[PDB]
Amino acid sequence: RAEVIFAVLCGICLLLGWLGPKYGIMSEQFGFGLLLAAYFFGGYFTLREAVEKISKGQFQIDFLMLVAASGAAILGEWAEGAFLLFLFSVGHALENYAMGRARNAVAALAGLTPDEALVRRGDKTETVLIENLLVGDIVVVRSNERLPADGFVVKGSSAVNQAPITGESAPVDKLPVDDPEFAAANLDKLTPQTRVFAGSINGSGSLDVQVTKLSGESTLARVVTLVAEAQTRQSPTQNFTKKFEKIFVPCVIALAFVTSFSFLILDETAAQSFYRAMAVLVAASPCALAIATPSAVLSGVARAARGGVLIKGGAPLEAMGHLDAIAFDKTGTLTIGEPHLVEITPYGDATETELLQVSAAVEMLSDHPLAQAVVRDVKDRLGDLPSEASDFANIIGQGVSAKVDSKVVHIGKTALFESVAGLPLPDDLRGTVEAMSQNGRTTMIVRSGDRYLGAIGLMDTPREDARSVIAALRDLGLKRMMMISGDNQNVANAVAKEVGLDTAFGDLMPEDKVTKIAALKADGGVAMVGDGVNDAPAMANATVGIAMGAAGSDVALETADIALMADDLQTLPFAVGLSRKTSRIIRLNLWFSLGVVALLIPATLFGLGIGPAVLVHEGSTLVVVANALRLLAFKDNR
Ligand code: ALF
Ligand SMILES: [Mg+2]
């Protein structure tokens, strides 16, 4: 059941019922009865909407279009009524195709958090709903479960994925507090090995977590609420037309009906100037305008779709050109989304190949996500992989150990060599690793036996086309540029430098992104382009929200107004460009579609009929539609 077929039947009936009687061999009950159907199908839907708004609201333009059909029907030139009814039904169907907004992400957002939780009660562990969790409760989050509440760890250690909140799927090691009575009072002193969030996914170990916020006051409950209260962005052209009808419809139907009904000064029959007022009124129904505005929208959206970007409506399509600022998530948006091997720093008498081969020999046995990067990139650099190690063992939260060439190998964080039996870390290599950590490198130190072979550094590299699209967007007038990421500030600064963004903010929560976005939106229109769950509120409050189409979360795709479906950034200088020209195509098509009405309707009070109205109105409608179709031609300029 879809209502577009009534406009199609009015098209078939107008055309074939204009053809059957005239320049045709068809009877007047079959050939002209089609024109009878052309009044019924297109008129009956606009009629019921007219009734719906005339119950309470003041006026509707459908009154003007429908009575413009009806007066031509009860008078001469019924092709005028059928034509106006057909083209206005079609312009209504085109606005309905431009009006499609699913705007629902609550279904995906509700899945991030569980409904129930295990809570400790002395010698028992009860099951309660999360809305019945009290602050100070100890919930038991066991293996690979979704965390049900914000708080801090009091028992157990585990590697937790905080992707829905930090945007980083890189697991973070979590340890219990030293003193929980102290930790509940001093929430500002919670180290990131301790702060846990609802919606995170637990790792291998169970965690007792003391609750901090209530069920609705958690960070993820806040991002749900913030997304739900999004302002539905309205296109500047459409609300302009709403206010314009609010003035134009009653003004014209008052000034050109009863003031033109049976005017005493010029000779008229009391029954025949009754036709004279409706000539002006019926032709005053500005149908060129009702068809110009949605056709440009649909053409621009179709060109964007063949260009590889989804646009959910005309309002973001119009907003993309007017932007002054744009903000970028890092991981998955400006970066590829995976750590590569980017720095090798040998030490002492160790070669580069010894360091890389011992690293790949151990990381072939590990299952941490960095092991796979190390193995594939040592295989890239050396062409080969050495023989794998023996006696793999984990030092939990710090790294790994193995045995290569009858010597004991330790790899991991700087805290590992502070914790195990062998030779301690020299200060110079310590400082080198410190320098790598500050430069945004996740850093592993490698010892083989008595000797430190050295250190190695991995990083999520930016996309190759990032710096290019950044410079292009600066050329197109976007001098307000920033990075806003949940990753730490070293990686944010290093990627922002490597891409060419001047201001980079890391360590941000989703609300902090919303804060930065509102601060930019105060000075102009702003776009938030990202790919994660924690970017969805900043997308929702921005002037236009854009999601990375392929790698992105379903939450961010359902929330965003623009989708970069090729998952590449080179679609952004194209998009804004199209948006600018689209406004030109509607602006021209606005004034024309208005002007000719304002040009043909005073001319209708001074000697014009209903017969020529189709000829002017079609001449006003088709041409503007034709200009909108120029939007189907545009260039990439690669
Ligand atoms: F991927 Al992000 F902040 F969520 F850089
Ligand atoms: Mg992300």
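Residues numbered from 1 in each chain as written, not as in the entry; some residues may be left out. Chains lettered and ligands numbered in written order. Heavy atoms only, no water.

Draft legend 1. Quick peek at the overall build of the chain. Helix and strand content of the chain: 24 helices and 21 strands. Overall, the C-alpha framework of the chain stretches about 115 × 60 × 45 Å when taken along its three principal axes. Taken across its 638 residues, the chain has 48% of its residues classed as buried. A total accessible area of about 30700 Å² is found for the chain, and carbon and sulfur atoms account for 58% of it. Charge centroids of the chain, computed over 53 positive and 69 negative side chains, lie 6 Å from each other. (Helix = DSSP H or I, 4+ residues; strand = E, 2+ residues; numbered from the N terminus. Buried < 20%, exposed > 50% of the residue type's maximum accessible area, 1.4 Å probe, protein only. Areas by Shrake-Rupley, 256 points an atom, 1.4 Å probe, with all protein chains shown as cover. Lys, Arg positive; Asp, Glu negative; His and termini not counted. Charge placed at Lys NZ, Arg CZ, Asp CG, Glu CD.)

Draft legend 2. Structural detail: the packing of helix 9 (residues 236-255) against helix 22 (residues 571-600). At a minimum axis distance of 13 Å, the contact between helix 9 and helix 22 shows a crossing angle of 10°. Our classification of the angle between helix 9 and helix 22 gives roughly parallel. Contacts between helix 9 and helix 22 pair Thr237, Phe240, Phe244 and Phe248 from the former with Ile586, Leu590, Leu594 and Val597 from the latter. For the contact of helix 9 with helix 22, the class distribution of residues is seven nonpolar, one polar and no charged. (Axes fitted to C-alpha atoms, helices over the stretch in contact; angles between N-to-C directions. Parallel < 35°, antiparallel > 145°, perpendicular 65-115°, else oblique. Contact = heavy atoms within 4.5 Å. Nonpolar A, V, L, I, M, F, W, Y, C, P; charged D, E, K, R; others polar.)

Draft legend 3. Structural context of the packing of helix 4 (residues 78-97) against helix 24 (residues 611-629). Interhelical geometry of helix 4 versus helix 24 gives an angle of 20° and a closest axis separation of 10 Å. One finds that helix 4 runs roughly parallel with respect to helix 24. In the crossing of helix 4 with helix 24, the sense of the turn from one axis to the other is left-handed. In this structure, helix 4 contributes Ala79, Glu80, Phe83 and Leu87 to the contact, and helix 24 contributes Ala613, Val614, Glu618 and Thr621. (Left-handed = near helix turned anticlockwise from the far one by under 90°.)

Draft legend 4. Fine view of the sheet that holds strand 1 (residues 116-121). Overall, antiparallel pairing links the six strands, which are arranged 2-1-3-8-4-7 in an open sheet. Where the open sheet ends on each side, the last strands, each with one partner, are strand 2 (124-129) and strand 7 (195-196). With four bridges joining them, strand 4 (residues 151-155) and strand 8 (residues 207-211) adopt antiparallel strand pairing. When the sheet's bridge partners are listed, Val153 is paired in strand 8 with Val209. (Pairing = 2+ DSSP bridges.)

Draft legend 5. Inspection of the site of ligand 1 at higher detail. Near ligand 1 the following residues occur: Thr166, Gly167, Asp329, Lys330, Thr331, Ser485, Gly486, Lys513, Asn534 and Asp535. Looking at side-chain class alone, the shell around ligand 1 contains no nonpolar, six polar and four charged residues. (Near = heavy atom within 4 Å.)

Draft legend 6. The nonpolar core, seen in detail. Formed by 42 residues in total, the largest nonpolar core has its most connected members in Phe328, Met481, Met483, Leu501, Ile546 and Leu564. Residues contacting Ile546, with those up to four places away along its chain left out, are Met320, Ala527, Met528, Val529, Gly530, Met539, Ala560, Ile562, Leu564 and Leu572. Grouped together as the second largest cluster of nonpolar side chains are 29 residues, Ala37, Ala82, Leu87 and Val282 included. (Core = buried A, V, L, I, M, F, W, Y, C linked by side-chain atoms within 4.5 Å.)

Draft legend 7. Local environment of the coordination of the magnesium ion (ligand 2). Protein coordination of the magnesium ion (ligand 2) is provided by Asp329 (OD), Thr331 (O) and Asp531 (OD), with donor distances spanning 2.5 to 2.7 Å. Mapping the donors of the magnesium ion (ligand 2) onto the primary sequence gives the spacing D-x1-T-x199-D. Taken together, the positions of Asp329 in the loop between strand 10 (323-328) and helix 13 (330-334) and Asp531 in the loop between strand 19 (525-530) and helix 20 (536-541) put the pair 202 residues apart, joining distant regions of the chain. Residue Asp329 shares its accessibility class with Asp531, and that shared class is buried. (Donors = N, O, S within 2.8 Å, 3.2 Å for Na, K, Ca; no water.)

Draft legend 8. The packing of aromatic side chains, seen in detail. Evaluation of the coordinates by the stated rule reveals eight aromatic pairs. Centre to centre, the rings of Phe6 and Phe41 are 5.3 Å apart; their planes meet at 75°, and the pair counts as edge-to-face. Of the two residues, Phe6 sits in helix 1 (residues 4-19) while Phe41 sits in helix 2 (residues 33-56), which places them 35 residues apart along the sequence. You can call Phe6 buried: its relative accessible area is 19%. Ring centres 5.1 Å apart and planes at 70° place the aromatic pair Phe40 and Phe41 in the edge-to-face group. Its relative accessible area of 45% is what places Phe40 among the partly exposed residues. Put simply, the rings of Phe6, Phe40, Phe41, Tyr44 and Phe45 pair up and form one aromatic cluster. In this structure, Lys516 is placed above the aromatic ring of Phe505, and the distance from its NZ or CZ to the ring centre is 4.0 Å. Above the face of the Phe634 ring, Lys635 is positioned so that its terminal group lies 6.0 Å from the ring centre. (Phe/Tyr/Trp six-rings, centres within 6.5 Å; stacked < 30°, edge-to-face > 60°. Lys NZ or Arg CZ within 6 Å of the ring centre and 35° of its normal.)

Draft legend 9. Structural view of the domain arrangement of the chain. In terms of domain boundaries, the chain breaks down into domain 1 (4-101 + 233-300 + 579-632), domain 2 (108-228), domain 3 (309-335 + 462-576) and domain 4 (336-461). Computed from C-alpha atoms alone, the centre-to-centre distance between domain 1 and domain 2 is 60 Å. (Domains from an automatic or database assignment.)

Draft legend 10. Structural detail: the sheet that holds strand 15 (residues 442-448). A sheet is described by the order of its strands in space; here six strands give the open sequence 11-16-15-14-13-12, paired in antiparallel fashion. A strand with exactly one partner marks an edge of an open sheet, and here the two such strands are strand 11 (335-346) and strand 12 (390-395). Direction aside, the axes of adjacent strands within the sheet are offset by 20° on average. Lying over the sheet, helix 14 (residues 352-363) contacts strand 11, strand 12, strand 13 (399-404), strand 14 (407-412), strand 15 and strand 16 (451-462), oriented at roughly 75° with respect to strand 16.

Draft legend 11. Broad picture of the pairing of strand 17 (residues 480-484). Of all the five residues making up strand 17, four are buried; the element is thus mostly covered by neighbouring parts of the structure. The pairing of strand 10 with strand 17 spans four bridges and is classified as parallel. The residue of strand 17 that forms the bridge with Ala327 is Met482. Across two bridges, the pairing between strand 17 and strand 18 (residues 504-505) is parallel. Each bridged residue has a counterpart across the sheet, and for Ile484 the counterpart in strand 18 is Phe505. Read from strand 17 through helix 18 (residues 489-499) to strand 18, the crossover connection turns out right-handed. (Right-handed = clockwise from strand over helix to strand, strands pointing away.)

Draft legend 12. The arrangement of a nonpolar patch on the surface in detail. Taken together, the side chains of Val8, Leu9, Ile12, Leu15, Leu16, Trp18, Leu19, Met26 and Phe30 make up a nonpolar region of the molecular surface, amounting to roughly 810 Å² of accessible area. Examined against the element boundaries, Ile12 turns out to sit in helix 1. Note on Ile12: relative accessible area 44%, which makes it partly exposed. (Patch = residues over 30% accessible without salt bridge, like charges linked within 9 Å, V, L, I, M, F, W, Y side chains within 5 Å. Salt bridge = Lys/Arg side-chain N within 4 Å of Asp/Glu carboxyl O.)

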